[PDB]
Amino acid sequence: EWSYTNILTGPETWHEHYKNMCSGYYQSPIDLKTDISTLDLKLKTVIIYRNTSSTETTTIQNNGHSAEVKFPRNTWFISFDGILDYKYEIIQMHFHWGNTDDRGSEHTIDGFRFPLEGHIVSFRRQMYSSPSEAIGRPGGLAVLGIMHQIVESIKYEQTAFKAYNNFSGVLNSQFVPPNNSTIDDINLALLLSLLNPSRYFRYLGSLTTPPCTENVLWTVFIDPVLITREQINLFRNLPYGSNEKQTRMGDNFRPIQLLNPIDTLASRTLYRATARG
């Protein structure tokens, strides 16, 4: 069993309860340090694209730790190389947020926390035929991190919730774990257009929940998408699962890990991308 807020099963214990791989030295999240990172001009614009033949439904679940969108198979894809040949297939999207507006994100950018971080999870379909084959295997996953920031003055249509279609109104106090509901499809291409998809951090890391598998190619966009206080408070209405100490879901983030803990046997490097200047 694991939690965020029960000190007995909480993040400080994962290294002992899930040594494979929460005890590793390629863990996530990390502080994304603009100064320390290596600018790699070969890293291209990220594209998110849909199969316009797909008609299957999208669902969202309160899994007791997060709000998790589950996408249908063969619907949403990532391209890192400009070809639309289905190398990365999107499986789900989940969120991490704070009890308060000054924290919530798992990654930090130069020490700064955002109120809400979204994780678009994909598998390397180029190599693995199914999500369940990729999830536990080397190099199986690529995750996109989308930072969200609160603004006071904005039209609904320019907020991230327009891409999310408000999650069909499911973010409320009655959305109890482990309830799942059908929702309107998420326009992930619109979501990505709300930020600069050429401007990102890139590194090799891990899942941020047990078992913290070190098979994630991370991409974290530097520019946030925009939301309102009203929208962040919808997430804060969700109840935590019964194994949490806190009642309302919030502070569902993992503490910062080092890029290179002292025990590492082969240092990793944090990379940075920016547009063909």
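Residue indices: 1-based, along the sequence shown.
Relative to one another, 34 to 42 and 219 to 227 have unequal mean CA B-factors, and 34 to 42 is the one with the higher figure.
Stretches compared: 140 to 148, 183 to 191. Higher mean C-alpha B-factor in the entry: 183 to 191. Reading the B-factor column for the CA atoms of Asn252, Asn243, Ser28, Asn237 in the entry, the top value corresponds to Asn243.
The PDB entry assigns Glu133 a C-alpha temperature factor belonging to the highest third of its chain's modelled residues. The entry lists a Cα temperature factor for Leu270 that places it in the lowest third of the chain's modelled residues. Per the PDB record, residue ranking by Cα B-factor puts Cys212 in the lowest third of the chain. In the PDB entry, a CA B factor belonging to the lowest third of its chain's modelled residues is recorded for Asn196. Among all modelled residues in its chain, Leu171 ranks in the highest third by Cα B-factor.
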